[PDB]
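Participant: Would you mind keeping the following structure in view while I ask a few things?
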Amino acid sequence: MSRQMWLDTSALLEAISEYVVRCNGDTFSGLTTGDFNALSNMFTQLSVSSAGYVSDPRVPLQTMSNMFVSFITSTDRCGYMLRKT
Amino acid sequence: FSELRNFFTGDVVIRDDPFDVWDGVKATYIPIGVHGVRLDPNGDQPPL
């Protein structure tokens, strides 16, 4: 929707990236890292559908890219984003 | 007589006024200082 709504979400995905980078090789057995905590919570905010702990963050992140490509390609859908306003 | 005295000669030193002795004291501690708000370090916890 709103141009602002897009930026906000980009920033989120762009943040999810940041934390994924932070958590790489810092995910240990008995530890709880403020970083992983942030990450796992952000993984949640993506899908309006469900809010359960994501056992495999790959899935929803994928579903999201796929949905996006399928949207950004069809001019019937993403048309509104190409208006002057 | 001299020798008999010198044998029975020995000094002692005593305090003029006796010490004033007290009982122990119950070491009671009370709070001091002001405390502010400290926020949890890890932030929101992961779900489920």
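If you read the protein sequences in the order shown, they are chains A and B. So the first sequence is numbered by the numbering used here: it starts at 355 and just counts up by one. So the second sequence is numbered by the numbering used here: it starts at 2 and just counts up by one. Every residue gets a Cβ at the ideal spot worked out from N, C-alpha and C, and that includes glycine.
(1) Comparing the C-beta of residue 44 of chain B with each C-beta of chain A, is any distance below 7 Å?
(2) Using 7 Å as the limit for Cβ to Cβ distance, is residue 394 of chain A near chain B?
(3) Alpha carbon to alpha carbon, what distance is there between residue 37 of chain B and residue 403 of chain A?
(4) Taking only three categories from DSSP, how would you classify residue 390 of chain A?
(5) Is there a Cβ from chain A that is less than 7 Å from the Cβ of residue 47 of chain B?
Facilitator: So, from the data block:
(1) yes
(2) yes
(3) One C-alpha to the other measures close to 40 Å.
(4) helix
(5) yes
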